[PDB]
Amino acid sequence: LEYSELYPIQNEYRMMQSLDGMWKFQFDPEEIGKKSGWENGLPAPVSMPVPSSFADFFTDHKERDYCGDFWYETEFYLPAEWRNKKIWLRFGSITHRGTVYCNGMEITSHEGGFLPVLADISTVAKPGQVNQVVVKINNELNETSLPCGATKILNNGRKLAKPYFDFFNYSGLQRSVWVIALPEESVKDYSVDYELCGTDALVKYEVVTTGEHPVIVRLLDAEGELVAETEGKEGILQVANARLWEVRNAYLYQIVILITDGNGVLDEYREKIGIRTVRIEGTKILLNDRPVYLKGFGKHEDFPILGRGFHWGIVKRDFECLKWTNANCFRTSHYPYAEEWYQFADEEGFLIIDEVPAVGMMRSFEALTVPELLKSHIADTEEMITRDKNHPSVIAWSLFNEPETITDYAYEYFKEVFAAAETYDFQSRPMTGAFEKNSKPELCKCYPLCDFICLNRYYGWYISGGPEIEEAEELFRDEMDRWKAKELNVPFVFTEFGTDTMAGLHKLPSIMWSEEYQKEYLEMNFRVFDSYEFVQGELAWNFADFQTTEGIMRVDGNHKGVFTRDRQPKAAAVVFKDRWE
């Protein structure tokens, strides 16, 4: 990458200033901002919070549903001390694509709305003065970038997003924004990998810097005491009597990476890491050499009013609810989340399946757009893995959600994605993706690429729901018998199963949409899961009710949450709590 993904820190060598707050904002329905000087300042802005999704603030439909180009602006004072450092704007994300301007100059563009955007403003920054940042953003959906969809044109050329995915097209500056200053020679990237040796451990590492001066690497324990030190950009840290990072029982060391000159230090980067191994052995998932059964949910970055906007309060509540259910895992369905979610999972000992936004890829892999889509998918995979690889919580990469997989075309597409992912992950940890039912065991060509197989299944909701639930159970067992007979010797994880459930809808006997049917559906699914030895995890769809596009199938978004949108449990939450205990 031509920039660093490393989370920003502040110390003697690195500086950081938050640009979060109220920005200026303007919609651009006629696509005239870049023709009209807007990169030097918006002509008739309103106020917009950052971080946040813009949609749910407004009281009119056309602003909520806006699709097209729209702009953000803010001003910030840069301390004179930052002069001649490498100065960058760092956006947690820009959703979905955009161009960054600073002091009237085009700096960089980015495609992909769920990973950091880094803009090098070293040559245009004004130290000791007020500076301006303007961002042109676009939130249309197409078939050459992730997540996929279409853009419809209504009356008066008003655009409307048409997702191929079941979540609302929230967009804007949904994560924190910083301006930062780095030394001219800096730590750009590093990678760690672990090996357990009886009661000791090895931390294998590589460091990439932007120069040729010597590198020293230190490892500190949780108290800040030195436990290992080595020289060189590649090496091994030896840790006696290592305190391993364990499921729901974390321990974090600090890695400290120094570039030295004398005599003297040029840069220092520090980050918490956790010593742990993950691997697949037969049908088991092993964490530090012991089998673990995954228990948890698919989530979303979704909360009332803020949309996908980041807030630590949402993280805290969601983790307290997860712990109360006795979960140990979640999937970042269906896009990488803000970095802070992983930082917190590292602290709390949660396991993460980190998912790239490759959703919306099946009708309703032969279009001439596919090679461009592949390039986008591989780029987002590179960025995700480079950003997230050193979190101990991240134990697997999900590289798709419900694509077509039964053609040779699809196999060739995913072979390239998996090959790229493998080159980027220093740990070579498990790679997977979530399969929809159309990927029948007789037809699917892509499950062999996976270290373990993730299934999304809705036997008892979309298939034979309600009065037909006993037929659903038989259909489900018939499919799992089909997988069983293939003797693949790999773990299977259910990454989705659920029922829309309206809080407060009670019925005896139960009906589809009632709280009681959610419980009965879950109990039937558990009976099926527990009938197969190779099942090794269950992540329910969804942790919480969340927003979708309006339609006749969605009663104020998706109600398959086990919790409501405001994070309170439906009756089925206790079913999980009791089973997972």
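Think of the rigid core as the biggest set of C-alphas that the two forms share within 1.5 Å after superposition. In this text, residue numbers run from 1 along the sequence as written.
*Once the rigid core is lined up, would you tell me whether 122 to 130 or 396 to 404 has the higher RMS CA deviation in 7 other deposited structures of this protein?*
Most displaced of the pair in 7 other deposited structures of this protein: 396 to 404.
_Farther-lying stretch by C-alpha RMS in 7 other deposited structures of this protein (rigid core fit) among 428 to 436, 100 to 108_ = With the rigid core fitted, 428 to 436 is the stretch that strays more in 7 other deposited structures of this protein.
*Hey, does residue 363 drop out of the model in a third or more of the other PDB entries compared here?*
Yes, a third or more of the compared structures omit it.
*Please figure out whether residue 364 and residue 365 are truly consecutive in the deposited sequence or have unmodelled residues between them, and give none, 1 to 3, 4 to 9, or 10 or more.*
Per the record, 10 or more deposited residues are absent between residue 364 and residue 365.
*Name the higher of the two by mean Cα B-factor in the PDB entry, 383 to 391 versus 447 to 455.*
Higher of the two, by average CA B-factor, is 447 to 455.
*Looking at the deposited entry, does 88 to 96 or 465 to 473 carry the larger mean Cα B-factor?*
Between 465 to 473 and 88 to 96, it is 465 to 473 that shows the higher mean C-alpha B-factor.
*Can you pull the Cα B-factors for 109, 263, 176, 501 from the entry and say which is highest?*
Checking the PDB record, the top C-alpha B-factor among 109, 263, 176, 501 is at 263.
_C-alpha B-factor winner, where the candidates are 429, 331, 270, 213_ = By C-alpha B-factor in the record, 213 ranks first.
*asked:* Per the entry's values, where does residue 149 land by CA temperature factor relative to the rest of its chain, in the lowest, middle or highest third?
replied: For residue 149, whose C-alpha B-factor we compare with every modelled residue in the chain, the answer is the middle third.
*By its CA B factor, does residue 246 count among the lowest, middle or highest third of the modelled residues in the chain?*
According to the entry, residue 246 has a C-alpha B-factor in the chain's middle third.
_Can you tell me whether residue 292 has a C-alpha B-factor in the lowest, middle or highest third compared with the other modelled residues of the same chain?_
Within its chain, residue 292 is a middle-third residue by C-alpha B-factor, going by the deposited values.
*Going by what the PDB entry lists, where does residue 194 fall on CA B-factor within its chain: lowest, middle or highest third?*
Residue 194: CA B-factor falls in the middle third of its chain.
*Comparing against every modelled residue in the chain, figure out the third that the C-alpha B-factor of residue 283 lands in (lowest, middle or highest).*
Highest third.
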